[PDB]
Amino acid sequence: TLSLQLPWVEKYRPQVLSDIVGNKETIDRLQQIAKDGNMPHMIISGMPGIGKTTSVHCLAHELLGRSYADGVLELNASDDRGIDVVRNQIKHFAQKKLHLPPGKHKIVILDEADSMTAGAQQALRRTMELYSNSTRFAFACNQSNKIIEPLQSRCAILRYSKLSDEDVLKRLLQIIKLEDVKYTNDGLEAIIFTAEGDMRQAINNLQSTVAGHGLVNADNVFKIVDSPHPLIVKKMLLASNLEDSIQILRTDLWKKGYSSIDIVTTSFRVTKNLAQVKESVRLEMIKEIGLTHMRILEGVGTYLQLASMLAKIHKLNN
Amino acid sequence: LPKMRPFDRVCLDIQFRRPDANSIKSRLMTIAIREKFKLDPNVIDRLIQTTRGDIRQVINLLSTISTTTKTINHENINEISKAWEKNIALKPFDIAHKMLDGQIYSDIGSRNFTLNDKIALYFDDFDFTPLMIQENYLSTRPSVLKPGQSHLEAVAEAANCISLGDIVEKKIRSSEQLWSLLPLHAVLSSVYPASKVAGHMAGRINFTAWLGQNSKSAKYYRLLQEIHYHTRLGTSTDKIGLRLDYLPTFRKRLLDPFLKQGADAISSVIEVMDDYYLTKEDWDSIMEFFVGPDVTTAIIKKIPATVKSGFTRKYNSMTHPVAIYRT
Amino acid sequence: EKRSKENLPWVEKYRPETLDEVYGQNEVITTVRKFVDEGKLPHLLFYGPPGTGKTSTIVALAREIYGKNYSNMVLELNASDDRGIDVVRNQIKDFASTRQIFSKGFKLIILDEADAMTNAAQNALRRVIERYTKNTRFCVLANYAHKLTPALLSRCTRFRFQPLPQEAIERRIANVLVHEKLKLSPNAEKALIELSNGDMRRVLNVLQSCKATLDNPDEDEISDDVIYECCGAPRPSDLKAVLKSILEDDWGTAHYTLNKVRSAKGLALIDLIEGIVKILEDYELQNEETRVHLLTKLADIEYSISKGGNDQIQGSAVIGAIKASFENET
Amino acid sequence: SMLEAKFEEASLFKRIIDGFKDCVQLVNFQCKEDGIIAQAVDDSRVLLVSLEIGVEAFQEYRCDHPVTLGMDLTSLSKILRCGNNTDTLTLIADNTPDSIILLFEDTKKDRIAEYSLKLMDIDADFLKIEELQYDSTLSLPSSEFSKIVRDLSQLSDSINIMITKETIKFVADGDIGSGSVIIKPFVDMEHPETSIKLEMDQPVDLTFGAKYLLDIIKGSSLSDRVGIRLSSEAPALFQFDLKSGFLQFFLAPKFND
Amino acid sequence: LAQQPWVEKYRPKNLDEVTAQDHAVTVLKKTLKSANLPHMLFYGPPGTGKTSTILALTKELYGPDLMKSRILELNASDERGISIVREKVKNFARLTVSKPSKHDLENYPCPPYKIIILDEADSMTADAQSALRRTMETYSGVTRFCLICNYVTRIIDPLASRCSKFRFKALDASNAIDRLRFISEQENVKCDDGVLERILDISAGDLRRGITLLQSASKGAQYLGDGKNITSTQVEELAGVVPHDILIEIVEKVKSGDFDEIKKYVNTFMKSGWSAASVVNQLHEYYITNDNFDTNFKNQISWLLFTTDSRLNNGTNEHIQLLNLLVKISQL
DNA sequence: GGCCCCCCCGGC
Ligand SMILES: Nc1ncnc2c1ncn2[C@@H]1O[C@H](COP(=O)(O)OP(=O)(O)OP(O)(O)=S)[C@@H](O)[C@H]1O
Ligand SMILES: Nc1ncnc2c1ncn2[C@@H]1O[C@H](COP(=O)(O)OP(=O)(O)OP(O)(O)=S)[C@@H](O)[C@H]1O
Ligand SMILES: Nc1ncnc2c1ncn2[C@@H]1O[C@H](COP(=O)(O)OP(=O)(O)OP(O)(O)=S)[C@@H](O)[C@H]1O
Ligand SMILES: [Mg+2]
Ligand SMILES: [Mg+2]
Ligand SMILES: [Mg+2]
């Protein structure tokens, strides 16, 4: 009862660039670079769980073959990446003499580079510039604005897009066929709808289902995976009448265990990204939501405050 | 940047500009010919517009795109330009100029520059944007005024929103450290007040003057505290009361008799100083506080130099009591 | 602990030790039991409000997985401990990358109350979680999801703990009565559930207070009056009378009735406002602005009360707000 | 008093306390008639320290009933530092004690220092973790082990130990390079203290952290020889024998993947 | 003693001297024989007897000998940051209980746990508060927590859920008259009928203020040296209560409706030093209790008074707020 | 190797 089974996220983690779905142009470009060699400095940006770390790892593995152990230097947020580390260990790795095939180069993979300090990024500039004939740099980040401009200038840009429904669905069919999982169309649609483009969350939900209920359907997925609360908040904020909004808040948000602070924050974000509403009305609703948030942060996290905020928003939009 | 201040007048300053689209056309065409990929000249400028003067970035872009796409024409220039757009945080002056523009707040502009974009623009520099907005929101010609609304009403609404944002900021930097309210401060301090007076600037953009005023007020408060604690043993009042009530009466005894008796009032002034444990530096600080029609700079300057020299000699030729020891 | 478990508070005395003693979370309990019965245990994120039983559930799961000697085979870190970037970098990484000591098994890390952790630590934990997944599993317990980074949320399977249902609270109350040899009137039970708001800690605390209040628990039955006296909460009849007087009677008699009701048992104004809000939420109003005014003015009054001030003025304001809001009905 | 333990020299207890203070924080002592035992688990739950001191290490020892004492090693070390290195140290405890009394007495003078440390409520068991039949055992001088550990920790943070036919290998793989040290058992009849002994049942290959080994070798001042016992699917044992007791470090090997 | 204020001299020493907090005092007394005291959260208005109650409970539980070694008290006058909570409170809670002496075990129950009293808990930051959630639960068997606050909303939800809540009711003339009368007899203070009731009504749930007013009145009577009984007019004067005549003039000026006259009268009135809160309370009483005004007037004036009180509670200028309130009332 | 001290972010 102590022998853990490898999760499908790691068990079915792609090992070749042909198993990565989405961002077709970038994947083919990476495959062509790996085939032809001469990998340039690159920065890959995108939202979590879309296949950036997997892409860079597969590229490095395919490029370096058996020399992966001695030709790859991987550093992430869980390791010390201070200015001294950049100044000593990275420089030593770049200056290292390693015999490689004619079309290959040493690779430094600085994952989650958005958390690095400014000093390390500044010090890395000439390190990449001088030793570009032996070592190449591949950064993986979630926010591209956290990387200093000089580093972006010295590196190519690869902005990963959001995984389409078709790609996630195809990967789901492939993994289900490999695992021989009994499924229904509605269950897969619900899983993809709840994933919101996050492949990792989709895999986790697909495993939890079948791992807990056997067969995949809408009810089985929904009894363990809840619908994203941002959609419920948007529905509440767009209610035609105050009664409907109050009912939605009471039934789907307050009685389901969601905290008031989370509700007000989600309302703030949704109002921030409501295109259908006019900008001035959105600003007034943002002001009211900020007043409610300030009241909640002071200690009064009561449903009365949320109801009053909804009533004021309805009055403003009338 | 302030770190470069020491290098102000010790080196020959050489400034490099962003190369024009015509100074690199030949080099880029030569590179395209050498690498055997077609590069349409008519779309070259946009590439620089995409890279914004970065020859290294455009060279890297060409190298990456030529890996699988051997033709660079108008059919795919838009996609690569959108995908390779460089994002650089705007400076406070640029932030103020862009945020106070009425185009982005229109129905058509809002769909291009959204509320999230404005919040990100504020967050590019969150320590200066509210000050610049508060300073430069009175020098615009609004174009988004509501039918029947006047400029003054919009200014008043913006000022009220700025006050609310100031309250929010004070709550943010309290002992609780409620930084999660920073996005709200973006709307109440910069976005909303600018949305009511957005338009075209009526003049040059001026940097916020609140910092210098705050420093001057802090220095004045320090001098007032020094004077108050120097005269504490004699007076029964606080520094506020000393400034509001005592200082004019003191001027009536420490500056007025120099303008009537000439150099014969030195003894009385010295006696007053001894009675209230005042010094010459305290005299200068006190005479520098007055404002309005009671400015003393011109009056002090017009005093004959002989009188001032005699007063200084008399002050330095005798011992004076000290109120506070080892200040 | 000291002496015996009888000296412990009821909140801690009745802490579940196994998974079958957790009530109101049948779906989650069954899912975790199935996960631990066949070896497929993923990373867990228990999100829920206070008093739902997340800590008890994870403790029971750890005990079932490992056994009696579970404290020495798991790494439990909470807000009471220092959890910084250095701690995550060194201690958590060593625990995840090292084999067991006492007996063979996988490594379990329980980051209780992880919502109070810095963003740097959460960012660092991503690769620690994704690298030692083969031999280590992570469980994170949270009350506010907005404090967790999206990257951390993506790597964990989410389980939501709903407020305790009525039947679960009744079953726990019956068990507590059997253990403590106590009798509870049905109306007292309904009042306890109504005031509980889905928190079992409140149930246990109020029940202990009521037991202490009884002159002799051996042959005394707790009634709604006992619960109201212990908690000081207004009775439903008092709330109904106050609302009736405010709605139909004039100013002077309404003020007199409110003062008399408050002074009879030393009731607090905030509880009266809350009860009036609950009662009026079920009123079939014919207009919307009346409800808008009621909600806004009552929220303003509650916010003012939270900061203190004159109580008589606040009560008069409540009466005036209710009267003005209901005037719009016509 | 109920429990009264008299030490020949305060340094005797001070050296053992200093031998494992830098790897664990909270300690639990069980005092009985046979002697004093203690087990401490570090925060990372990787290293376990087990100390036993017999009655032969005490001048006068009396313990009517078992006593459980929870202490903070930092506080105990501070109090021991407050005491001198030439006075007699006495451990004093009473029934259900809320504190432990350390008595420092000087024979030359009439100065008596009585320090009281408030005890700690640490409810835990010992579990007597010790594998009956280890795969391999070896014994070698402590100085050589400390030198090898310090040399191989300068190259990398991980050290791999391999036990095979008539040979022990320590390997470190790092960024600047790698290092290997191979030692073969031999017996010397003129300096027996410098001999190295090895008895193996199956070949072993186990990886350990460099920091834990560095902290373990700090107990080289309590003994001249160290016994290292390795076994698959079992923590590695590092034993330093004392005058009448012993000290043991149980270190869990790193996961192999 | 004679060198202490009456508020401190007559501070309760045991649990039997608490007057109007029986709903919690009974539970606390029962815990003496039950020995299962839970974590407590004492909340209520100022001057209700929370710190006194907890001190009396600790005394009756441990004794003057074990009080020092079994109680750890932290208030707003000590640093209570997150680091302090994580280190000092954790260390004290995890410590073993001090060994009682046979004397204490003979004459006192000596419960097998210690008490940490976090007075003025409403001033602690949320981050610091969050660090105690597991500290209270893990060491509940050796330590118990008492959190005393005036605003219950300032305590985070998890701590309120963990703690057993105890509300202290306001001390009015209907439940605290006995203690004030006993204090008066002990001090041999002679007062006219209804004087103590007037004092308690003016106090409005604050027995400390009532005791201070009684002490001031007794001092004034002793200095007078006439032997006459203390009247209610002198008590009202000592309490800063505006005379009824001034209130009558104020309401007449408000009824006049002229802005200039109201402003001039307010300017003259503010030179006497009357507190704005007392004026607002008296105006509210007079207007609400009067039967010469219609429903709408009272409906508007209640909200106006509430807004004025809320603004004054934030520490603003009294002159401007009073003038604005009077102007608004005059236009009703 | 360990304190002690100074500068700098802090939303998505
Ligand atoms: N394009 C993809 N195709 C197939 N599986 C994917 C893909 N992207 C993600 N996954 C799956 O999700 C798992 C995690 O993918 P990741 O590489 O960790 O995503 P990520 O974008 O690098 O996450 P961040 O930004 O570091 S938090 C993979 O092992 C895959 O099993
Ligand atoms: N499902 C439950 N069944 C029985 N008792 C419960 C249950 N949930 C909570 N309790 C009781 O309330 C006490 C506290 O439960 P907890 O496990 O601490 O709740 P919690 O969700 O961990 O609180 P938070 O989210 O950390 S503030 C338990 O000892 C139980 O006595
Ligand atoms: N229930 C009471 N019984 C007798 N005297 C009381 C009572 N409450 C307050 N007092 C008296 O008023 C004095 C002060 O009481 P406190 O204990 O300070 O009230 P408090 O609740 O602690 O006020 P806060 O909320 O900390 S400002 C006591 O010394 C008593 O003399
Ligand atoms: Mg990744
Ligand atoms: Mg918990
Ligand atoms: Mg008090």
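Reminder, nothing fancy here: chain letters follow the sequence lines and each chain counts from 1.
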Quiz item: Of all residues at least two apart in sequence or in a different chain, which pass the side-chain hydrogen bond (donor to acceptor under 3.5 Å, both in side chains) check with C:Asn90?
Solution: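 C:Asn90 satisfies side-chain hydrogen bond (donor to acceptor under 3.5 Å, both in side chains) with no other residue.
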Practice problem: Summarise protein proximity over nucleotides 7-12 of chain F in one line of letters, 5' to 3': B for base, S for sugar-phosphate only, - for none, counting protein heavy atoms closer than 4.0 Å. | Solution: ---BBS
Quiz item: Checking C:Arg89 side chain against A:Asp80 main chain: does a donor-acceptor pair fall under 3.5 Å?
Solution: no
Exercise. Using whole Å, report how far CG of D:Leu214 lies from P of F:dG1.
Key: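 My rounded result for the distance is 9 Å.
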Quiz item: Would you call the rings of B:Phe207 and B:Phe93 parallel, tilted or perpendicular, where under 30° means parallel and over 60° means perpendicular?
Solution: parallel
Quiz item: Is the A:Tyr258 ring parallel, tilted or perpendicular to the C:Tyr47 ring (thresholds 30°, 60°)?
Solution: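 A:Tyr258 vs C:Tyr47 ring planes: tilted.
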Quiz item: With no hydrogens and no angle check, do the side chains of B:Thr114 and B:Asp117 hold a donor and an acceptor under 3.5 Å apart?
Solution: yes
